[PDB]
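There is one chain below, alone, in structure tokens, taken in the form deposited in one PDB entry.
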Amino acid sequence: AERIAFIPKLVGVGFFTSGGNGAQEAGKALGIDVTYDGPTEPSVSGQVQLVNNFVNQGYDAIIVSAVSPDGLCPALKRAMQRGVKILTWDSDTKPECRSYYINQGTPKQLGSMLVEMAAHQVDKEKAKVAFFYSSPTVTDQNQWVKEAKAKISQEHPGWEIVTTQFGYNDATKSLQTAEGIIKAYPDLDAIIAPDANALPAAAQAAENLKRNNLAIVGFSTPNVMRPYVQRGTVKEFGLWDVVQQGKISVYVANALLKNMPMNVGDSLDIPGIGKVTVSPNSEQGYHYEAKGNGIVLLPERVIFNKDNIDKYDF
């Protein structure tokens, strides 16, 4: 009867495949056919054509992880203007281009995870720390880093951030930068890397240089990190349950399809997950006041270590 599209930044990558799995199973449980499709490469045009096609075929809702905050807006507004329910997950668009953003966590939440992981490992009052991520321009990562650095200055005043460098979402560049950091700061206490490429790069660099006991924390995926965790190079790192994220998105979309829109403050109880609530867009750095528009945060994120890392496959 009703159809939903779940679009990732690209297919063929665990994180997105699993998000799609959570979405599709949620659809089956709700009696709504969910189509999973994305471009072979992360690009605006690759996602836009898919959005336009789903709208043209008469899909009832589209859930997407935006490659660009503005790039999909024209297509998404057209969709909403035609009656299609639009939601975002993982990466959000400008608030006016969707109804709800199924968000893994606010900048303060994610920034806190980074510092809490580092503090768990660091054993010196005057610890030397290095930040290592994508770029000084990437919006989301910089929001997390701004929050992390603030938390460090406020709660761990003895620490010193000795350097902040970037890997530019490039495996080769990331490894090179990581080794440079490790070679230049032999007494470094920790590397905080809130980037999927930067984290594995830092661990690989430590192993390449035979550097021991360096605290290496950040954000990345289970399958990529497992080898480093098994060797002891990385004790902990964070992210979230992408399967549950996909699942939640379909449940929120279902609420809209069932004419039970939720305004900031309203809640929805999802089986196996619990209750989710709509919170203000302002918490993400971009205020936007409108009915049936807001953010739905995951009840929790995940800290992976040797004990629970095998429970996830992406």
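Note that residue numbering follows the sequence shown and begins at 1.
Here the stretch with the larger average CA B-factor, out of 96 to 104 and 136 to 144, is 136 to 144.
On average the C-alpha atoms of 281 to 289 have higher B-factors than those of the other stretch, with 281 to 289 and 247 to 255 being the two compared. Out of 77, 151, 226, 173, it is 173 whose C-alpha atom has the highest B-factor in the PDB entry. Reading the B-factor column for the CA atoms of 66, 273, 50, 63 in the entry, the top value corresponds to 273. Placement of the Cα temperature factor of residue 180 within the chain: middle third of the modelled residues, per the deposited record. Residue 123: CA B factor lies in the highest third for its chain, per the PDB record. In this PDB entry, the Cα temperature factor of residue 35 sits in the middle third of its chain's modelled residues.
Annotation for residue 168: CA B-factor lies in the highest third of the chain's modelled residues. In the deposited entry, the Cα temperature factor of residue 4 sits in the middle third of values across the chain's modelled residues.
The form deposited in another entry is left out here; the points below concern that form.
Checking 123, 264, 300, 151 against the motion between the shown form and the other one, you find the hinge between the rigid parts at 300.
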